[PDB]
Amino acid sequence: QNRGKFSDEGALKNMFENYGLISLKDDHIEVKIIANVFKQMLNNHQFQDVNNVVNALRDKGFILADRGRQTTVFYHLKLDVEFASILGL
Amino acid sequence: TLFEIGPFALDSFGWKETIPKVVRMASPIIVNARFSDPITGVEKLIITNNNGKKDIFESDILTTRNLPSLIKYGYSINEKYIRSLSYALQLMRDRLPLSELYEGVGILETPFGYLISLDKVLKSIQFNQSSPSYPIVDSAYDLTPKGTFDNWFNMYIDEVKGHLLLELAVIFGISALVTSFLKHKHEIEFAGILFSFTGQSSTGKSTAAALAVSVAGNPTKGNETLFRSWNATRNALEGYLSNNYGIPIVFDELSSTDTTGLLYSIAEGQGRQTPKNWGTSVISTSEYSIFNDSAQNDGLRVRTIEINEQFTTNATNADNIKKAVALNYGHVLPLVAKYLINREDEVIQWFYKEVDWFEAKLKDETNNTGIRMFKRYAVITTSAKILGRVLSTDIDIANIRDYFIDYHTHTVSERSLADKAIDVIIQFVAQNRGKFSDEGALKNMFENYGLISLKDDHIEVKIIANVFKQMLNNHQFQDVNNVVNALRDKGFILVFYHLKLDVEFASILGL
Amino acid sequence: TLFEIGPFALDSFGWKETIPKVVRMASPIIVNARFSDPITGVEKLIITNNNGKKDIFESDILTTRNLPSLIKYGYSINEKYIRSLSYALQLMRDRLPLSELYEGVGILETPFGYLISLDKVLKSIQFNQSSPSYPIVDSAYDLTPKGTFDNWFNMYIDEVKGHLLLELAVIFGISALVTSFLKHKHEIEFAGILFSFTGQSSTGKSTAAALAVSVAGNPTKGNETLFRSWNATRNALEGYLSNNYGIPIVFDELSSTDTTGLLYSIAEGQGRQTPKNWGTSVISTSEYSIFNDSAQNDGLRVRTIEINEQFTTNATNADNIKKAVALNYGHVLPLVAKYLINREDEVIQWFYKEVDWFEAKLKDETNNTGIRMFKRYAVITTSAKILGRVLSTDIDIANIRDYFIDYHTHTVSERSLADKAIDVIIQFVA
Ligand SMILES: Nc1ncnc2c1ncn2[C@@H]1O[C@H](COP(=O)(O)OP(=O)(O)NP(=O)(O)O)[C@@H](O)[C@H]1O
Ligand SMILES: Nc1ncnc2c1ncn2[C@@H]1O[C@H](COP(=O)(O)OP(=O)(O)NP(=O)(O)O)[C@@H](O)[C@H]1O
Ligand SMILES: [Mg+2]
Ligand SMILES: [Mg+2]
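Chains as they are written, first to last, in the UniProt record's numbering: chain A, 454 to 525, 540 to 556; chain B, 4 to 23, 32 to 268, 272 to 287, 297 to 516, 539 to 556; chain C, 4 to 23, 32 to 268, 272 to 287, 297 to 453.
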C-alpha cells in the first residue's frame, strides 16, 4: 500500500515521507522499515505491544538474527521473493 | 453472673433488670473493648456474645434508635426495655479502659514500636516489651492458611527450585513485607515496588503471579483474596490496597481494565480526597507492556520493574503450580514475619551487604535514576536470602544478583531521556528527510523542518525549535527543557537546535 | 458538684435530676464555650468531659433528636431523660458568655489585631492587649512537633547549610507565614507564591519539598500532613488549603494529577461557588514544567517561581534529609512566628531594605510585570534573614539576592509577550 515511500537505491529520497528501503534479494526481499513507522503501523492495526510481535516475528525468521533494532534505526524484514513483480522490483 | 451495675445484670443467659419483678432484656451482649479516633473523636466498640462472635461498631450502636439493629447480627432484644438496655451497655463500656485500634495488614506503625499484622498478629521485641495490653487489629483480608506448608514446599522443590524466574516470583511476594519493614526502619525511603509480569500469552504469568501471593494468602479469584483483576474503578483498586503495608496483591490482565498516573499512584501509598494510604508491592500481568501508552518519564521506569520472560517451562509446570497454590497457601510469610522480628539487625546488615555489592558492581552509573535502583535490587536479593533460610533450601544468590545486573545494563538506555530522545530524532530526520535542505536555504515549498549538513565525523542537523517541540509531544515526552538539557549533557546539542548525529548515517540520508 | 440549676445537677460522676427521688441521666457532659456565626446565625459549642475531651458541635446537638448521638463520641446518656438532659445543657450554655471562634492556620485576622495559629496559638502584642478572652481556634492540621529541634538543626548543618537551593527550600517554607504576615500589614498585596520544583527524576525535589515543610509539621505521607499529592479533584485540593494563611504544603508529582486555570487559583485564595479562602505558599514537584500546557500569559509567570535545578548534591544527601525530617519536624516555624510577633517593625524595615535593594539593582526593567517580581524576591530574602537569626546560623544573603537577580535576568524574555512572540514568528516564517 505504501510502496511509494520505500526507496530502492539505498537512500531515503522520498521528498514527502519515508518509511524505509526495499531491495530484491536472492529468494527473499529485504524490506528495511523505520522503527517508529513500524510501531505506528502496529498500533493502527490494533496490535498493542511491539516487542511481542517483533520476537514472535524473529522466531519464524521474519526479522533476522542480530541485524536490526530488536527486543533485547530500521527493522530488517525478509519477505517472500515472488512478491517482487507487484512490488515493482 | 458475668456483669452487674445498679439494677442491671448480665449472666450467661442474658441481660436483666430488677424492680419492685425481674425481667429479661436481651441475649448475652458483651462489650470487650472501646477505641477513640483522635481527629474524628468518634468512638468504636467490640461487641460480642459467649459463642465467640466478634464485630466492631461505632458507639452510636448503643443509642435506642440503633441498638435493635444488633438483631441483624444475631442477638436477641426485647424492645420494651431498649432504653435501659442502651444505658446498661453504655455503663459497661464506661468501666472499660481506652484501647487503641490499629487497622491494616503488613507492618503496622505503633508509638510503642511496630506490629506485623497477617492473619494472627505478630508483636515485635520493641512492642512486646513496651505495651501493657493485647493489641487489637482489623484483619483486613482472608490470609487464613489452607492445606499444608509441606505441600506448598513440595511443589516448590518440584516445580520452582532451579527456575530463576519462578523463584523471583516467590521472592517478590515476601519482599513486600521485607521492603515495608526496611522503610519502617528508614533504611530505604521507597515503600514498595510495582512488579509487572508481561510477555506473550500462555507463559505462566498469571501462574507465577499466584505463586507469588500464595506466600500469605488465597491466590485464587474469590471473595477476599490476593488474586484480582484490573476490572474496576480507581476508586476500588486503591480501595482494596488501603491499609496494606506488606501483603502482595495481583492485578491480572490489563486488557480487562493512558496509564501514566496510575503507575505512579501504586509506588506511593497515596489515595484520593482522609486518604487511603498503603505501602506494599503489587504484581501486574499483561500481554502488553505498562510503559506502553505511558509518558516517556524516568520516574516511571524507576518505581517499576517489568519482567518480559517466560516463567514456566512447560504447560504442565504451570498447571501443576496453579493447583498446588489453590489448595495450599499462607504458610511462608508468617515465617518471614517471625524471621524479620527475631533477626532484625541481621537482616539490616544483610541488606547493607547487598546494597554495597550492587553499588560496587555498578560504579559506572552516573545517571541518578540508575543509582536509585540499587537499593531496590538489594531488597530483592536480601528477600531471597530470607526465603532461603526460611524454607531451609539452597537458593543461588549469584544468579539473582547477576539477573539484575543484567536487567540494569539492558535498561540503562531507558532511564536516560537523552538516549530515548536522540532515538526518535534520528528516525524523525530519516522519515522526514524530505523537509531538511542541504544548501543552507529552507527551500521546501510545502514545509521546512530544518537544514542538514555532512560534517567531519558528524552530521549537523539544524532543526526548527517548534518542530522539535511538536515531535516530542507526539512521542509522549512531556517537557522540552528536560530533553534538551539531557541531550546537551552527552554532547548531542532563536530558531534551531543544533544536533550532531553519527556520521555513517550519511549514506541513507543522501548526504 | 460542678454545676446546678433547678433540679438538674452536674457532679464529677455525671448529670442528675430530682423530684418529689434522684436519678442519674448522663455521663459528665460540659459546655465550655459557644460561638455565633454572623451571616449564618448558627451557634456552635465546645462539648467536653472531665478527661480533656474536646469537640465542636453545632448547637442543634442539644435537641432531643440529636443529643443521643453524643454516645458516638464516648459519652453516656439515659434516654429515659433526654428531654430534661437537653434542657439542662441548654440552661448551662445560657450562663456562658458569647465567645468568638477564629478558624484556620497561619495568620488569623481579628478585630483586636492578629493571631498566629500553628499547633499552639500565639497572641500578638496588639491582640494580647485589647480583648478579655482566651482565643479559641480550630487547629486545622497536625503540625505537632516530633523529635527534637536539635536533630533537625544537625541535619541542617550537615546536609543543608552551604547549599543554596536546599537553603531556599527552608526559606520558602517559612516564607509562607512571612509573606502572609506582610500582606496582613499591607506591605505587599499578593498573599503568597506558588513554588514549583522541576527538573529530571531523582534530583532531590520531593526531598527539598519535605525539607521545606518540616518547618511547620509532618513532611511525610499520612493522615493530616503537609506532604500531599495532586491525586484528587480540584474540589479537595482547594479544600485542604481552606483557612490556611501561612503553612506551606506540598503537592507531589503532577504526573499523578492544560493547567493555566489551576495555577492562578493557587496564587489567589479563591475557591469555587461560600468559598474556601486561603493565602499561603505551596510547593509543587514534577518531572515536567507547569508552564508546559499553559497559556502564553505574563500574569502566569509572575505569581509562580519555578526552580529547574538539582537540589541535593548526591544520593545520600537526599536520603539523610528525608530521614531527618520524617523523624524531626515542626520546630522552626514556631520560632519564626515568635520572631514576627516580637520584632514586627524590625522585619518590616528589613523588608523595605530588601525591596529598595532589588529596585536599585534592577532599575532598567521597564516591563511592568518584571517590577512586580521585586517585592516577591524581597519577601524571600527577608525570610532568609529571619531564618538566619532564628537558627542562630550564618546564611549568605548575598548569594540568595544574586541567585534571584540571576533568576530575573534569565527569565526576562519570558515576561515579555513580544520576545516570546517574535520567537514563534521567526520559526513560523522559516
Ligand atoms: N510454559 C508454557 N508452555 C506452554 N503452555 C503454557 C506454558 N505456561 C502456561 N501454559 C498454558 O497456558 C495456560 C494458562 O497459563 P497462564 O499462567 O495463565 O499464562 P498466561 O500468560 O497468564 N495466559 P494469558 O493470561 O492469556 O496471558 C496453562 O493452563 C497452559 O495450558
Ligand atoms: N542528587 C542526587 N543524585 C543522585 N541520586 C539522587 C539524588 N537525589 C536523590 N537521588 C535518588 O533519588 C531518590 C529519591 O529522589 P527524590 O528526592 O524523590 O527526587 P525526585 O525528583 O522527587 N525523584 P522523582 O519523583 O522521580 O522526580 C533517593 O533515594 C536517591 O536514590
Ligand atoms: Mg493470565
Ligand atoms: Mg519525587
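Positions of the beta carbon are idealized from the N, C-alpha and C atoms, including for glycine.
In this structure, B/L100 lies away from B/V189, with their beta-carbon atoms at least 9 Å apart. In summary, B/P143 is exposed, with fewer than 16 beta-carbon neighbours lying within 10 Å of its beta-carbon over all protein chains present. Counting C-beta atoms within 10 angstroms of its own C-beta, B/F469 has fewer than 16 neighbours from the protein chains shown and is therefore classed as exposed. For the pair C/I258 and C/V116, the CB atoms are nearer than the 9 Å cut-off. Pairing A/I482 with A/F550 gives a Cβ-Cβ distance under 9 Å. Between ligand 1 and C/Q450, a heavy atom-to-CB distance of less than 8 Å is absent. When the Cα atoms are used, B/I420 and B/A407 turn out to be separated by approximately 7 Å.
At least one CB of chain A lies nearer than 9 Å to the CB of B/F451. DSSP, read as helix, strand or coil, puts C/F397 in helix. Of all residues in the region 461–474 of chain A, those with a C-beta nearer than 8 Å to a C-beta of chain B are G463, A464, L465, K466, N467, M468, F469, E470, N471, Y472, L474, reading in chain order. For A/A518, no chain B residue has a Cβ inside 9 Å of its Cβ, as the nearest lies near 18 Å away. Straight-line spacing of the CA atoms in A/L510 and C/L248 works out to 49 Å.
Shown here, B/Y430 sits in a helix according to DSSP, grouped into three states. In the pairwise beta carbon analysis, the region 165–175 of chain B is classified as touching the region 334–348 of chain B: at least three pairs are separated by under 8 Å.
Counting the other Cβ atoms within 10 Å of the Cβ of B/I475 gives 16 or more, which makes it buried. Within the same chain, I72, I88, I93, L96, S97, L100 come within 8 Å of B/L78 by CB-CB distance, once the 5 residues on both sides are set aside. Note on B/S436: under 16 other CB atoms within 10 angstroms of its CB, so exposed under the neighbour-count rule.
Your pair B/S70 and B/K55 checks out as a contact, with CB atoms roughly 6 Å apart and the cut at 8 Å. At least 9 Å separates the CB of B/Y400 from every CB of chain A. For the region 299–314 of chain C, the beta-carbon criterion of a distance under 9 Å to any beta-carbon of chain B is satisfied by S309, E310, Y311, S312. For C/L358, the enclosing alpha helix (DSSP H) stretches over residues 355–365. DSSP, read as helix, strand or coil, puts C/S267 in helix. In the displayed model, B/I136 falls within a helix according to three-state DSSP. Counting every other CB atom within 10 Å of its CB across the protein chains shown gives B/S15 a total below 16, marking it as exposed. In the structure shown, B/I280 adopts helical secondary structure according to DSSP, grouped into three states. With fewer than 16 other Cβ atoms inside 10 Å of its own Cβ, B/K64 counts as exposed. Looking only at C/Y152, C/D272, C/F192, C/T59, the smallest Cα-Cα distance to C/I403 is reached by C/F192. For C/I394, the closest C-alpha among the options C/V413, C/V359, C/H431 is that of C/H431. In the displayed model, C/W18 falls within a strand according to three-state DSSP. Proximity annotation: ligand 3 has residues B/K216, B/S217, B/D263, B/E264, B/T308 in chain order, each selected because its CB is closer than 7 Å to a heavy atom of the ligand. If you keep only unbroken beta strand (DSSP E) runs of at least 3 residues inside the region 412–488 of chain B, you get 473–478, 481–487. One Cα belongs to B/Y311, the other to B/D429, and the distance between them is close to 22 Å. Distances between the C-beta of B/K345 and the heavy atoms of ligand 1 include at least one below 8 Å. The closest heavy atom of ligand 1 lies 8 Å or more from the beta carbon of A/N505.
Between the region 347–358 of chain C and the region 152–163 of chain C there are three or more inter-stretch CB-CB distances shorter than 8 Å, so the stretches are counted as touching.
Taking 9 Å as the cut-off, the beta carbon of C/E367 is found closer than this to the beta carbon of C/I136.
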